[PDB]
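# these chains are from a complex, not moved at all, and more is on the way:
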Amino acid sequence: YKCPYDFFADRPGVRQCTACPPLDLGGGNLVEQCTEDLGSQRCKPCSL
């Protein structure tokens, strides 16, 4: 199955997509990360 919208996977043979992790751009700042397309393997900061 394609990974869901906010989930991603990198290793080819995998058993579960992992939720996108909040990117930390410094000290104590966490920006939520969300993928653009449905079946994706990388997380963008989902404010942009």
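Sure thing, it's come through. Numbers count the residues shown, from 1 in each chain, chains lettered A, B, ... in the order given.

# got a list of what the most centrally placed residue in chain A touches?
With distances taken as CA atoms, centre = their mean, residue A:20 lies nearest the centre of chain A, 3.0 Å away. Residues in contact with residue A:20, defined by CB atoms under 8 Å, 6 or more residues apart in numbering, are A:6, A:7, A:8, A:32, A:33, A:34, A:35, A:43, A:46. C-beta: built from backbone N, CA, C; applies to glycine.

# same list, the residues you listed, but as JSON lines with secondary structure please.
Output for these, formatted as JSON lines (DSSP: H, G, I helix; E, B strand; the rest coil):
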{"residue": "A:6", "secondary structure": "coil"}
{"residue": "A:7", "secondary structure": "strand"}
{"residue": "A:8", "secondary structure": "strand"}
{"residue": "A:32", "secondary structure": "coil"}
{"residue": "A:33", "secondary structure": "strand"}
{"residue": "A:34", "secondary structure": "strand"}
{"residue": "A:35", "secondary structure": "coil"}
{"residue": "A:43", "secondary structure": "coil"}
{"residue": "A:46", "secondary structure": "coil"}
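
# also put chain B on there:
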Amino acid sequence: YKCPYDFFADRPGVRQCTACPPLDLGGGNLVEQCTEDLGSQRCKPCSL
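Chain B goes in next, on the same frame as the chains above:
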């Protein structure tokens, strides 16, 4: 004077600072841009 907190200027001799422009990613979506310090000559996306 230093440029205000969300304004910027790059040319040396300027009579007024210019507001940071929004960043265009596509159709009908604009990411507003802020400035990191007080007197600065470049704007970055205000989310990150």
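
# enumerate every residue touching residue A:21.
A:33, A:43 (CB atoms under 8 Å, 6 or more residues apart in numbering or on different chains).

# which phi and psi values does it adopt?
Residue A:21 adopts backbone torsions of phi -90, psi 150, taken as degrees, to the nearest 10.

# what about stretch A:7-19, start to end distance?
5 Å (CA to CA, to the nearest Å).

# spatially nearest residue to the residue nearest to the centre of chain A (excluding sequence neighbours)?
By the measure of CB to CB, 6 or more residues apart in numbering or on different chains, the closest residue to residue A:20 outside its immediate chain neighbours is residue A:43, 3.8 Å from it.

# ok, that neighbour - how many residues close by?
Residue A:43 has 20 neighbouring residues, counting by other CB atoms under 10 Å in any protein chain shown.

# hmm, it is touching residue A:34, no?
Yes: the pair residue A:43 / residue A:34 is scored as a contact, 6.9 Å apart, by CB atoms under 8 Å.

# thank you kindly, that will do.
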